[PDB]
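Notes follow once the structure below has been shown.
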Amino acid sequence: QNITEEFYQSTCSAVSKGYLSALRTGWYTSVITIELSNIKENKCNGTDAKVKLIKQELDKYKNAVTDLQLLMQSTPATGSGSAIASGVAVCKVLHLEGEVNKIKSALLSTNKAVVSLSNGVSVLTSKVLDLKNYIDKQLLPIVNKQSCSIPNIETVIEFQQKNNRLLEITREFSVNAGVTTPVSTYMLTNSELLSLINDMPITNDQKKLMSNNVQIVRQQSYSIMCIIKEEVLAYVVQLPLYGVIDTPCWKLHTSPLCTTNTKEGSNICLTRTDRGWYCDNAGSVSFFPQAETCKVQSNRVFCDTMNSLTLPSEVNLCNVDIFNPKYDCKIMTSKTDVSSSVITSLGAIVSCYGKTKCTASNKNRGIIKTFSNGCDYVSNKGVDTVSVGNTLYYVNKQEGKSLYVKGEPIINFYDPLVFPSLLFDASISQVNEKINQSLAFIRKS
Amino acid sequence: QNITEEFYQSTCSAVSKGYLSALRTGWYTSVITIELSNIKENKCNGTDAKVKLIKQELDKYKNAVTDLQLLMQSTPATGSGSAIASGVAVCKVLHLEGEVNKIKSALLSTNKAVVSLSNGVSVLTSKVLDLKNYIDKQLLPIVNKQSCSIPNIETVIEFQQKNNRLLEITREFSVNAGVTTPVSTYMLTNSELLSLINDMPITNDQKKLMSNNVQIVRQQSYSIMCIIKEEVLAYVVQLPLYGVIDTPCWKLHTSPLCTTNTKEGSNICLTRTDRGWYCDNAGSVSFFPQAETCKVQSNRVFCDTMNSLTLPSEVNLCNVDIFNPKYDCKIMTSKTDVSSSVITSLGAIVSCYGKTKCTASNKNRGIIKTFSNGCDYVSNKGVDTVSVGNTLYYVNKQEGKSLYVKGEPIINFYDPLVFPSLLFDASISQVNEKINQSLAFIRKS
Amino acid sequence: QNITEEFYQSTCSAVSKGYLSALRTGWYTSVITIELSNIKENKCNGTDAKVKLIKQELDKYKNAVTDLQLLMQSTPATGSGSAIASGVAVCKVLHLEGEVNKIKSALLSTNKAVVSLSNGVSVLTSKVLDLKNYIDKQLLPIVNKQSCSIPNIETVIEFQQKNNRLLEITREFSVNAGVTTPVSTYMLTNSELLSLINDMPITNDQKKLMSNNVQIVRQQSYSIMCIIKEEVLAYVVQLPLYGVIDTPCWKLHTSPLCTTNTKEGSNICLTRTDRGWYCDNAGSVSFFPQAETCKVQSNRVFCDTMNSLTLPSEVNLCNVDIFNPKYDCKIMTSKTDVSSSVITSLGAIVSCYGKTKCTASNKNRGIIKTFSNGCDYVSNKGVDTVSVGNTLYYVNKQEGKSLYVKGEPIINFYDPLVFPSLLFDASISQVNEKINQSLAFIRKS
Ligand SMILES: *[C@@H]1O[C@H](CO)[C@@H](O)[C@H](O)[C@H]1NC(C)=O
Ligand SMILES: *[C@@H]1O[C@H](CO)[C@@H](O)[C@H](O)[C@H]1NC(C)=O
Ligand SMILES: *[C@@H]1O[C@H](CO)[C@@H](O)[C@H](O)[C@H]1NC(C)=O
């Protein structure tokens, strides 16, 4: 609900609080069928223009079917298949003899129906397009009996419209080797997705959540090609199940913290590592290091726990006491003092070093703050942009409250001569141990 | 105009000169409107095939509108929104009461018109599609008055053509959460983009530049979904403003420089860091470290200063004197002598080590040069390919002149016993300081 | 044929064996032409609805042609053009005067024909669409002679179908600056690709290979825009030639190996580097470090040797003896004991450290194995999932046989006080040399 922020002057880091979690922990697989007709030969001696148009669209249908057939013969084994294994396990069941007839019977009278497969999975199946009925009722009388009947122009247009979804599904599945993500409206219309959300064995609060964030749901779903066999095109849609809901989530922002001496080459730097999204999860903290794995929509984060690390809840103490013995706070060291800025949720961190011109402006007043050398921060209240060198950054104009937590920059507690610079994924105590070892070589002399 | 290159044998690096800059420094936002009709209920008792086709296409229009409505209810907050903040600020203005009516009045008689918003921004708006006029004039008489009028077959076809752009715009905006880049021809036709370039408050030389590189302009633009309200679909197009033009730009290429001793494990390596694009910018140098942030078209580089670092102009002295005290030239060290090649603008750098077979061939003559162990270079004049191990590289056949700058490889100035290997983002003086400290422990003994 | 796996308990690494190679070593370029008509002015005074539809579709054709013209004026020079240089060399030939007429003559009577260009390249050309014949035969009589003839409604529909492929090709080429990959069905239909495979100067076993993996072939192909000139639209399709076939290939999986002491901060870690795909190639080993450069379909790996490194065949000895003097086995060191898992081809590696809950379950029996602290492994026979912390991984259910190679974890052979931690791309002997140097400072005291 309320977004807040905290800048820690001592460590050149900020934490954006108040976000609610939605972490993916399960998969809900569903079978999507398209009833095909298997027509073959069309003896046609008629040259009528309407007949040519029908036979042309019929060839686009036959090629789409043969393309899906050579696509299903080749079964991809790329990546670790660890995130589609649930849907892939369903495709192996669909390949069983008699199994396509079971789903074929349930969708005889209705479009949607729950089916208990021969492996105990009660999947929700769906007949989203019925080409067997259209081709066999409206098209066969036009291309059998030796000479073609003349179809009306409405039929020529109606068949291009119905056949189009088959061709586009074949188009996406061909370039992506049978596995598409996000799931497009051709694979599943918004109307079908929302109806599928309603039919899911989930809570009413979870149906409201997925229905209000369908675009994020599509981006966290998979469409897997199964089999085309016996006048049935089947493919599995894997939708996310968010097992973790409304747990506090926060985003850590970090920026280099160097000393500001006047003789260059005598300065040492330090940067907190593991910036990104953190969410409370089952007595621990789920950390997401990669930037593209979490979508945020209005204070709710939607993450996939597949690309997370599980950390003890004491990892949060790097935000209140970085020198705290319960968790070994990770840092990186260097002597590379290049200016930069980080746009946070409610403001901007600015690390200004050397001769760089760093400033913060309001659109109508101009420069309202000039940063000096070191690491500093400014809230978005009254600030529109931040300029660092030749680069202009826009501050997020989101409502919230920032808190500037003053403190001595910790880089000032380190003697430069014995500082271990050039270390990457190092801990606070690792740096201290290298300092205790470098102090013993001077102790003897 | 004239592309030139310089290979520095001493540092196993090359610089491609003669490129002209175009750096993005501003945004030009523009509002694109599509006039919708808001039709609701269609009482139809007619089963005529033309009437069915019209009602089917009308349902595809109503679903596209409801999809855009649930897309605008959910307002994405992903990334730092720092590069769309200008267009996002316009969407907040469009949400003001009475503001959609202002743009609604200016586009009453013409398609394009400049509008001064209630926040001082004079945006260029555009009515690119008029569905309210088509639906209300050609379609309502067909689906009101209790029984349907029969439309001619030309109307069935004309409505599928007009409604198509709405459906494709809804398709792109749904899978991308309202923010698309590059900007497609559905969001803005080439005809509309070029007319928008002509109508921009920019110089005539800048209009000629953006019009001759429209594909790069699309790739550096954003299309942001605003609001659908009161028979208006509005979305913001953010086009790049290139504040830096025709400044010299150059590309640094680097490759590992190792020693070539005959006993493996006794060799030390060194590689210049910060390879990429450099452009002179406002008395400093704008550096672009990531590879996908700069598009080159005929000697002009098109960069976004958002992903640049601002460096002092002395950074260029690493190209003429790497041991120069005005700038601390950055390197990385190791003992990893694996062969590789870098295809430059006018030739190829080859780092050959161990037993690797390195060569340069002409298509009809065969092998014309065999590289020995170390770092070397060959121009594209007479060379077509370069082979390193089991890999074949093609040399760019672009016209230009290469200059081979001979010099002693600097890795030979380092005593191996005290060389600091295994260092990554290290400076020349950092390595020298580790060498002065390792020489003091031998001095005492 | 038979997939096997080997987990090495001593190094916390696994090797998936039995895969067959298909490495790209060459390019087969081919010219794809679309015959255009160059119609200009359409004097039309008729307001007939069929005439409007024809003139509307004719404007979509003229804009597609002018868009391809401004696309070919701007010739992109992005990337190093090292992987399209073969097709780009063909575009420079097509720009020669008289050269478009040569391909224009061979495709006068047939759709496909081999053409010897004026640079010695015998390319296979193709007339995939004939718009000059359709526009000049069916459309000109409708828009010349001062007043328009009335076309039948079949012609209105037939022209939207034929013109569609031109518009989609223009759509893809515009957003991608003339170079598209993978190659879509609009650039080349599956029917045209398979016919092109049949017409290629390759072995019959190679035609069967590319035809059974057309989707991988598309993903490893390029479509390059050449020229639109003199009623000809020409573009080059670059298809992969797999010069390395059926050589053994294997995939190395690595995971951190730490000590399991009870006092945290007293533990040291080690991880094998260079995980990925290895294939025997011409007496050496071709290594692929990036994850997206190799597609696997049923035991065959399809790699591009462009993004490989050539290593001596002794690199495989890191899998049988990591302490072996023929190859300096690379590792990275640290003290960062965070739990993780790696899903391999036939099982899962689990590195469990600290308080993390690590387990392996069967869908119906529940937890069947609890991992203790250290690095361990489980086969997919009887295991469905592996849980580490708050993350659930799915094991690949592929048939094969795993071999658990027991051995002492090599991290136990290192004295912690003198262990060099914090090293990244370091060799076994590099770590040993840092240990021999740290042992001399204690020897004197
Ligand atoms: C460094 O030495 C002091 C004095 O013995 C000790 O109190 C401190 O804990 C040591 N720190 C580390 C990280 O070894
Ligand atoms: C190393 O020592 C010499 C001799 O005192 C000095 O002249 C040189 O500048 C030193 N270099 C560094 C990088 O400390
Ligand atoms: C370390 O020292 C021993 C004893 O002299 C020697 O046998 C061994 O090979 C040395 N190892 C390295 C990597 O220097």
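Labels for the structure tokens follow display order: chains A, B, ..., residues from 1 in each chain, ligands from 1.
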> DSSP says alpha helix (DSSP H) for which residues of region 115-310 of chain A? Put them as an MDAnalysis selection string?
Replying inline: chainID A and resid 131:134 140:143 153:175 190:198 204:212 214:219
>> I'd like the neighbourhood of region 168-184 of chain B as a PyMOL selection string, where a residue qualifies if any of its atoms comes within 6 Å (using only C-alpha atoms), though same-chain residues fewer than 2 positions away should be ignored.
In response: chain B and resi 165-166+186-187+218-219+221-225
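Atom pair CA of residue 237 (chain C) / CA of residue 34 (chain C) has a distance of 13.4 Å (rounded to one decimal).
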>> Residues within 10 Å of region 428-436 of chain A, please, as a count of residues only. Count only C-alpha atoms; anything in the same chain fewer than 5 positions from it doesn't count.
In response: 25
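Taking only C-alpha atoms into account, residue 358 (chain A) lies nearest to A:374 out of the set A:312, A:409, A:79, A:374.
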Specify as a PDB file with N, CA and C atoms, in the first residue's frame all residues of chain B found within 7 Å of chain A, counting only C-alpha atoms.
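Resulting contents of iface_34.pdb:
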ATOM      1  N   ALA B  49     -25.615 -14.092 -44.145  1.00  0.00           N
ATOM      2  CA  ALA B  49     -24.208 -14.395 -43.915  1.00  0.00           C
ATOM      3  C   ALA B  49     -23.395 -13.103 -43.757  1.00  0.00           C
ATOM      4  N   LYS B  50     -23.839 -12.021 -44.433  1.00  0.00           N
ATOM      5  CA  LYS B  50     -23.128 -10.740 -44.387  1.00  0.00           C
ATOM      6  C   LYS B  50     -23.291 -10.109 -43.014  1.00  0.00           C
ATOM      7  N   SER B  74      -4.469  -1.547 -15.214  1.00  0.00           N
ATOM      8  CA  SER B  74      -3.203  -2.037 -14.686  1.00  0.00           C
ATOM      9  C   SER B  74      -2.098  -1.153 -15.237  1.00  0.00           C
ATOM     10  N   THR B  75      -1.504  -0.314 -14.391  1.00  0.00           N
ATOM     11  CA  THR B  75      -0.473   0.555 -14.929  1.00  0.00           C
ATOM     12  C   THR B  75       0.848   0.001 -14.421  1.00  0.00           C
ATOM     13  N   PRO B  76       1.657  -0.430 -15.387  1.00  0.00           N
ATOM     14  CA  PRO B  76       2.964  -1.015 -15.090  1.00  0.00           C
ATOM     15  C   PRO B  76       3.951  -0.029 -14.501  1.00  0.00           C
ATOM     16  N   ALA B  77       4.725  -0.554 -13.552  1.00  0.00           N
ATOM     17  CA  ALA B  77       5.783   0.137 -12.860  1.00  0.00           C
ATOM     18  C   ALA B  77       6.953  -0.861 -12.844  1.00  0.00           C
ATOM     19  N   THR B  78       7.595  -1.047 -13.998  1.00  0.00           N
ATOM     20  CA  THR B  78       8.707  -1.982 -14.118  1.00  0.00           C
ATOM     21  C   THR B  78       9.943  -1.178 -14.523  1.00  0.00           C
ATOM     22  N   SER B  80      13.128   1.182 -14.086  1.00  0.00           N
ATOM     23  CA  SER B  80      13.110   2.388 -13.266  1.00  0.00           C
ATOM     24  C   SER B  80      12.223   3.468 -13.865  1.00  0.00           C
ATOM     25  N   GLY B  81      11.529   3.154 -14.968  1.00  0.00           N
ATOM     26  CA  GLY B  81      10.692   4.087 -15.698  1.00  0.00           C
ATOM     27  C   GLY B  81      11.415   5.382 -16.009  1.00  0.00           C
ATOM     28  N   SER B  82      12.753   5.360 -15.912  1.00  0.00           N
ATOM     29  CA  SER B  82      13.589   6.515 -16.206  1.00  0.00           C
ATOM     30  C   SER B  82      13.737   6.818 -17.680  1.00  0.00           C
ATOM     31  N   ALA B  83      13.199   6.046 -18.587  1.00  0.00           N
ATOM     32  CA  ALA B  83      13.445   6.426 -19.955  1.00  0.00           C
ATOM     33  C   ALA B  83      12.129   6.702 -20.632  1.00  0.00           C
ATOM     34  N   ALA B  85       9.739   8.311 -18.542  1.00  0.00           N
ATOM     35  CA  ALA B  85       9.145   9.246 -17.605  1.00  0.00           C
ATOM     36  C   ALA B  85       8.586  10.464 -18.320  1.00  0.00           C
ATOM     37  N   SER B 174      -0.768  -5.631 -25.411  1.00  0.00           N
ATOM     38  CA  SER B 174      -1.126  -6.601 -24.372  1.00  0.00           C
ATOM     39  C   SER B 174       0.065  -7.438 -23.920  1.00  0.00           C
ATOM     40  N   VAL B 175       0.876  -7.937 -24.856  1.00  0.00           N
ATOM     41  CA  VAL B 175       2.002  -8.801 -24.484  1.00  0.00           C
ATOM     42  C   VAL B 175       3.159  -8.017 -23.865  1.00  0.00           C
ATOM     43  N   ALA B 177       2.761  -5.146 -21.853  1.00  0.00           N
ATOM     44  CA  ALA B 177       2.363  -4.347 -20.700  1.00  0.00           C
ATOM     45  C   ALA B 177       2.330  -2.846 -21.009  1.00  0.00           C
ATOM     46  N   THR B 305      22.502   8.338 -24.619  1.00  0.00           N
ATOM     47  CA  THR B 305      23.447   8.667 -23.560  1.00  0.00           C
ATOM     48  C   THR B 305      23.035   8.093 -22.219  1.00  0.00           C
ATOM     49  N   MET B 306      21.832   7.516 -22.137  1.00  0.00           N
ATOM     50  CA  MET B 306      21.368   6.875 -20.914  1.00  0.00           C
ATOM     51  C   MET B 306      22.289   5.734 -20.537  1.00  0.00           C
ATOM     52  N   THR B 310      30.622   9.017 -18.497  1.00  0.00           N
ATOM     53  CA  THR B 310      31.287  10.242 -18.876  1.00  0.00           C
ATOM     54  C   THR B 310      32.710  10.169 -18.384  1.00  0.00           C
ATOM     55  N   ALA B 426      41.674  -3.689 -12.987  1.00  0.00           N
ATOM     56  CA  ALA B 426      42.837  -3.005 -12.452  1.00  0.00           C
ATOM     57  C   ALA B 426      43.477  -2.019 -13.433  1.00  0.00           C
TER      58      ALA B 426
END
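The gap separating CA of residue 103 (chain C) from CA of residue 141 (chain C) is 28.3 Å, in Å to one decimal.
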> Running DSSP on the backbone, which parts of region 71-266 of chain A land in strand (DSSP E or B), as a PyMOL selection string?
Replying inline: chain A and resi 76+112-116+122-130+179-180+222-228+232-241+244-254+257-258
Output the selection as a short mmCIF file (atom, residue, chain, number, x, y, z; two decimals), in the first residue's frame - N, CA and C atoms for each residue.
data_model
loop_
_atom_site.label_atom_id
_atom_site.label_comp_id
_atom_site.auth_asym_id
_atom_site.auth_seq_id
_atom_site.Cartn_x
_atom_site.Cartn_y
_atom_site.Cartn_z
N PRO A 76 11.92 -31.00 -29.12
CA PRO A 76 13.03 -30.24 -28.56
C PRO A 76 13.38 -30.63 -27.14
N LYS A 112 -15.56 -26.68 -22.93
CA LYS A 112 -14.67 -26.92 -21.81
C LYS A 112 -15.16 -28.09 -20.96
N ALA A 113 -14.21 -28.83 -20.39
CA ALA A 113 -14.51 -29.99 -19.56
C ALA A 113 -13.25 -30.43 -18.84
N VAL A 114 -13.42 -30.87 -17.59
CA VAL A 114 -12.33 -31.42 -16.78
C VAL A 114 -12.18 -32.90 -17.12
N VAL A 115 -10.94 -33.35 -17.29
CA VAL A 115 -10.64 -34.72 -17.68
C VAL A 115 -9.60 -35.30 -16.74
N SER A 116 -9.90 -36.47 -16.18
CA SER A 116 -8.96 -37.22 -15.35
C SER A 116 -8.18 -38.12 -16.29
N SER A 122 -6.07 -34.23 -13.27
CA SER A 122 -7.37 -33.68 -13.66
C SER A 122 -7.16 -32.32 -14.32
N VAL A 123 -6.93 -32.35 -15.64
CA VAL A 123 -6.58 -31.16 -16.39
C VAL A 123 -7.86 -30.55 -16.95
N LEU A 124 -7.82 -29.25 -17.22
CA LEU A 124 -8.98 -28.59 -17.80
C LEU A 124 -8.66 -28.48 -19.28
N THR A 125 -9.51 -29.08 -20.12
CA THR A 125 -9.28 -29.14 -21.55
C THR A 125 -10.23 -28.15 -22.21
N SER A 126 -10.00 -27.89 -23.49
CA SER A 126 -10.78 -26.86 -24.15
C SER A 126 -10.73 -27.05 -25.65
N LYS A 127 -11.90 -26.92 -26.28
CA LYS A 127 -12.05 -26.94 -27.73
C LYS A 127 -12.21 -25.48 -28.12
N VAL A 128 -11.10 -24.83 -28.52
CA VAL A 128 -11.17 -23.40 -28.78
C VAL A 128 -11.53 -23.07 -30.23
N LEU A 129 -11.40 -24.03 -31.14
CA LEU A 129 -11.68 -23.83 -32.55
C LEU A 129 -12.17 -25.16 -33.12
N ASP A 130 -13.20 -25.12 -33.97
CA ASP A 130 -13.74 -26.37 -34.51
C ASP A 130 -13.68 -26.27 -36.03
N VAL A 179 7.80 -24.29 -27.99
CA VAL A 179 7.66 -23.71 -26.66
C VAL A 179 7.64 -22.19 -26.75
N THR A 180 6.49 -21.57 -26.50
CA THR A 180 6.38 -20.12 -26.61
C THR A 180 6.11 -19.53 -25.23
N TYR A 222 3.70 -20.64 -20.16
CA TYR A 222 4.29 -21.33 -21.29
C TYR A 222 3.19 -22.01 -22.10
N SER A 223 3.40 -22.05 -23.41
CA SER A 223 2.55 -22.79 -24.33
C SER A 223 3.45 -23.84 -25.00
N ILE A 224 3.13 -25.10 -24.77
CA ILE A 224 3.95 -26.23 -25.20
C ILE A 224 3.20 -27.06 -26.23
N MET A 225 3.85 -27.34 -27.35
CA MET A 225 3.20 -28.15 -28.36
C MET A 225 3.35 -29.62 -27.99
N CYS A 226 2.22 -30.32 -27.97
CA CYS A 226 2.05 -31.74 -27.65
C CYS A 226 2.03 -32.52 -28.94
N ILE A 227 0.81 -32.87 -29.37
CA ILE A 227 0.64 -33.77 -30.48
C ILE A 227 -0.49 -33.33 -31.40
N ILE A 228 -0.36 -33.65 -32.70
CA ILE A 228 -1.43 -33.54 -33.68
C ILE A 228 -1.73 -34.97 -34.12
N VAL A 232 -7.14 -34.06 -34.09
CA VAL A 232 -7.01 -33.30 -32.85
C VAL A 232 -5.64 -32.63 -32.82
N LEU A 233 -5.63 -31.33 -32.59
CA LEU A 233 -4.40 -30.59 -32.34
C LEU A 233 -4.42 -30.24 -30.87
N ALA A 234 -3.45 -30.74 -30.10
CA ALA A 234 -3.45 -30.49 -28.66
C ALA A 234 -2.14 -29.82 -28.27
N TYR A 235 -2.24 -28.87 -27.35
CA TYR A 235 -1.06 -28.21 -26.81
C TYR A 235 -1.35 -27.79 -25.38
N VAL A 236 -0.31 -27.79 -24.55
CA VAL A 236 -0.45 -27.55 -23.12
C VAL A 236 -0.11 -26.10 -22.81
N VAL A 237 -0.98 -25.46 -22.04
CA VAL A 237 -0.73 -24.14 -21.48
C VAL A 237 -0.42 -24.28 -19.99
N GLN A 238 0.75 -23.77 -19.57
CA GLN A 238 1.26 -23.85 -18.20
C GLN A 238 1.11 -22.49 -17.53
N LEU A 239 0.19 -22.37 -16.62
CA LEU A 239 -0.06 -21.08 -16.00
C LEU A 239 0.56 -21.02 -14.60
N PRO A 240 1.00 -19.85 -14.14
CA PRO A 240 1.68 -19.79 -12.83
C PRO A 240 0.68 -19.88 -11.69
N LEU A 241 1.10 -20.56 -10.61
CA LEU A 241 0.38 -20.62 -9.34
C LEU A 241 1.26 -19.88 -8.34
N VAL A 244 3.17 -17.92 -2.83
CA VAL A 244 3.54 -16.90 -1.85
C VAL A 244 2.83 -15.61 -2.19
N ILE A 245 1.96 -15.16 -1.29
CA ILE A 245 1.17 -13.95 -1.50
C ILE A 245 1.21 -13.00 -0.32
N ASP A 246 1.32 -11.73 -0.65
CA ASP A 246 1.30 -10.61 0.29
C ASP A 246 2.39 -10.67 1.36
N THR A 247 3.47 -11.14 1.05
CA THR A 247 4.57 -11.09 2.01
C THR A 247 5.33 -9.81 1.71
N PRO A 248 5.93 -9.17 2.70
CA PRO A 248 6.70 -7.94 2.45
C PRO A 248 7.84 -8.17 1.46
N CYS A 249 8.02 -7.22 0.56
CA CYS A 249 9.09 -7.30 -0.43
C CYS A 249 9.77 -5.93 -0.46
N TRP A 250 11.07 -5.93 -0.77
CA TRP A 250 11.82 -4.69 -0.78
C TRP A 250 12.92 -4.82 -1.83
N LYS A 251 13.35 -3.67 -2.34
CA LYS A 251 14.35 -3.61 -3.39
C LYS A 251 15.56 -2.85 -2.89
N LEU A 252 16.72 -3.50 -2.95
CA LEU A 252 17.99 -2.91 -2.52
C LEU A 252 18.67 -2.25 -3.73
N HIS A 253 19.09 -0.99 -3.57
CA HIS A 253 19.83 -0.22 -4.58
C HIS A 253 21.21 0.11 -4.03
N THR A 254 22.27 -0.11 -4.81
CA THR A 254 23.63 0.15 -4.31
C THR A 254 24.43 1.03 -5.27
N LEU A 257 30.95 3.74 -3.19
CA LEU A 257 31.31 4.61 -2.08
C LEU A 257 32.83 4.73 -2.02
N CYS A 258 33.38 5.84 -2.51
CA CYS A 258 34.83 6.01 -2.53
C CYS A 258 35.24 7.12 -1.58
#
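Shortest separation to ligand 3 among C:427, C:442, C:120, C:10 occurs at residue C:427, atoms counted being only C-alpha atoms and all ligand atoms.
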>> Taking 3 positions as the minimum chain separation for residues in the same chain, which residues sit within 10 Å of residue 159 (chain C) when counting only C-alpha atoms? Answer as a list in words.
In response: residues 53, 54, 57, 58, 131, 134, 135, 138, 139, 154, 155, 156, 162, 163 and 164 of chain C
